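Here are two versions of the same chain, shown separately as structure tokens and labelled structure 1 and structure 2.
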Structure 1
């Protein structure tokens, strides 16, 4: 089949930089209407969202994704234009080729094939599609999930089509993701000429014992699904530039990518306790961009593995590593949720691409998941 490729190219050619959908959701609704998918627009702010649903009864199998793509940067740095999808060297190049329009196209064609085979299949098939997953994402999937929860329209199995493969399609699926908690610390000292240290307080020096403690701390020990919670400093700056001045303050930016084994509250409490135990005097701003989520190994992960083994001939590893996805919202309404897509090697980069041969394989995988959950 070449329908998946054709659809992917059609989507890629629409310059849907966040939050502009460029009529991608209209295209998808109108294509799926033929096969009984009802369309419901759920627009909020400047974001377009759509809930497409075939069927009325459980089990409900949902594909979730996003039509928006990240900015291209200057087109002249690309080998071919980012919204003029190109085949070259066994790859399809364009912004959104990996993240994540090829997945969308592959699921749509999987539904078409599946429903042609099984027009009386049990349950429901839905798509949950946003035009802002790559930006602030405050008027996107999160708001759709709230709508669905409030009306008791829950999901049994959800596949988020983000790119998850490492090197071969199907080598990796995500069954959860870390959350993210960030701190902006400003340690206070007292500026002065360096040769008169008794008139100054060096915030580098006051911070040092806490810095070491922080970087050596074991926050948790991870578990079967998650690595240990990870603390990293991104930025540190203190001084005026003069080499004969003791700084008056020191700024430190840090982040946690945390598992289910730690909480936002507990991490913050422990950081303050380490600072306070060393007598550090400080200001601290905290922000949290998302919460961890997890699906235990079970039916969904087993079905996905089986479909991958049939199509791709490889064992799919479960993982929670990397960044996050809109699964962080959807898990609240989904009994089981995974992420499954092509290689993420080129996401958000110039000359983003997917291997051509992986395109019909990914569609086949999705169709195999549908057949196992609904046929």
Structure 2
């Protein structure tokens, strides 16, 4: 039906907002929604731009959240059409950010427009929480805006993060949470020496081997109705001097857990240390946690999104926690219920990123359906 969502998505995709630059996407959003009574609050931090746009002063507060930054395109000539000149081809819209996640943003802005026109006196409030750094280190984006909101007791009842969540067809999957991510940087200590005198050296690959095996065979947990089993995966392993006749004196290993609520950050660290210690490994281990798992169990928000998807798309949406993470991990601190909902994530962060054209007005009509069922 409407082509306003498509037209706005094109205009957004045409701006090369590679992290953390915004290229005035947030200005364009702010000025457009100002016309139907969204107040704009700019929250810049370091080189990152953020905005909190809000219509209304009372509960329930429904927030759309998302990012105007996009990942680099890589060599442009490898693309079939230029990444920042959105093109319609074979029933798809192609461009960097077409899926992740400018089309969602456009769809939400138009849903707000249609909803407010139909229901000028609706109850509650509608807000957008938009960052120009989700894709980078994200130290100065959403997480800083959330802290500001929380410090002034400006809380959210329902949040929809517009990340692409579909497997294939729009609405087939929504996310009601994500795994936490806990990473370790392990340095196993041995003693370097000539390879032909192994009794005078300590080979850190050999001392690590029995622990490595136990770690990669370990069952961390069962998962549950909402989460898959916690996952351990080694990303990098490096040891040696490059000489083929030397035993190295240390070995570096980097690993990560994507963990469910069935396990805790402290529990996992303890188990790793205990595995390494059981096998007599000598090491340094530095940990870093980029996020705790978060979960909105079945409730009004999940029911509403499901009903909206059933009405617009004709399919039964699956709730999921799989994949990576998003800025929902920050926003959940101030949102009582939060989900993520957007188009297919199949082509994100890749050349020839795209979204099906027929999915664009459908997405907006889903978001408009949600607003109508909550407000």
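Residue numbers count along the first chain shown, from 1. Whichever C-alpha set is largest while still superposing within 1.5 Å between the two forms counts as the rigid core.
Of the two rigid parts that shift between the two structures, one contains both residue 133 and residue 20. Fitting C-alpha atoms of each rigid part between the two structures shows the smaller part swung round by 10° relative to the larger. Once the core is aligned between the two structures, the alpha carbon position of residue 200 differs by 3.6 Å; this is the C-alpha shift at that site.
For residue 241, the CA shift between the two structures after superposing the rigid core equals 5.4 Å.
CA movement of residue 219 between the two structures equals 1.2 Å, with the two forms superposed on the rigid core.
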